[PDB]
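Given next, in structure tokens, is a single chain: the form deposited in one PDB entry.
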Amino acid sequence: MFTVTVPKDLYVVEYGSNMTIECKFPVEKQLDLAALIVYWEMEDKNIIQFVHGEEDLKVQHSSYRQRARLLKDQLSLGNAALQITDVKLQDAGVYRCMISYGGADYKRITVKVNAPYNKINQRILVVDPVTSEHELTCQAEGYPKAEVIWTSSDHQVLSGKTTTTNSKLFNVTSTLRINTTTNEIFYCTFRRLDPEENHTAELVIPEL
């Protein structure tokens, strides 16, 4: 009996990349476009309505204005492939694909989105020139929540203050106050999970 299959129940995709999620269905001889319906949706939002052999750009929700399309070439191979461009955190969730082709069936696809902490902004400020206290800051955004670890040239763990807010990208910022010298090297490391990821920046104390 007609059945839709999925290769992957779950997609983990990098933030701002392009997403191709797939629903597979039986196609014996050449594709009869008249009988084929393909419906992609998310949280009761109409994404793709492929009817009478042509996409109806009317019934689609505005959220997917430019960013959503079905790969026609793939249909002749029994692959309902939905490509979403420039994936954002709001695109995480459960997608359903529904195919009618001599029988009907639907499947759920779960989308999980990561955002790496790689744009790490830093700053070094002199707090008191006599004792040479400096304030060192490391800020970066991503998802999910990262903690920040401070290490010195020794790789001996230090004690900083970390504030986590929203942008919902997390904006993570961490400050270390410490007495130091010219040329001392410090590292700030953003440790995130889902999956694990350790992203480091380096701060070098400049001349006074």
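Residues carry their position along the shown sequence, with the first being 1.
The entry models residue 167 and residue 168 with a gap of 4 to 9 deposited residues left without coordinates. Two stretches are in play, 54 to 62 and 179 to 187, and the higher mean C-alpha B-factor belongs to 54 to 62. The PDB entry records a higher mean C-alpha B factor for 153 to 161 than for its counterpart among 153 to 161 and 140 to 148.
Highest CA B-factor among 120, 97, 92, 77, as stated in the entry: 77. For residue 113, the recorded CA B-factor ranks within the middle third of the chain. Only modelled residues enter the ranking. Residue 82: CA B factor lies in the middle third for its chain, per the PDB record. In the deposited entry, the Cα temperature factor of residue 36 sits in the middle third of values across the chain's modelled residues.
Residue 128: CA B factor lies in the middle third for its chain, per the PDB record.
From this point on, the text means the form deposited in another entry, which you will not see here.
Both residue 26 and residue 104 are carried by the same rigid part as the chain changes shape between this form and the one not shown.
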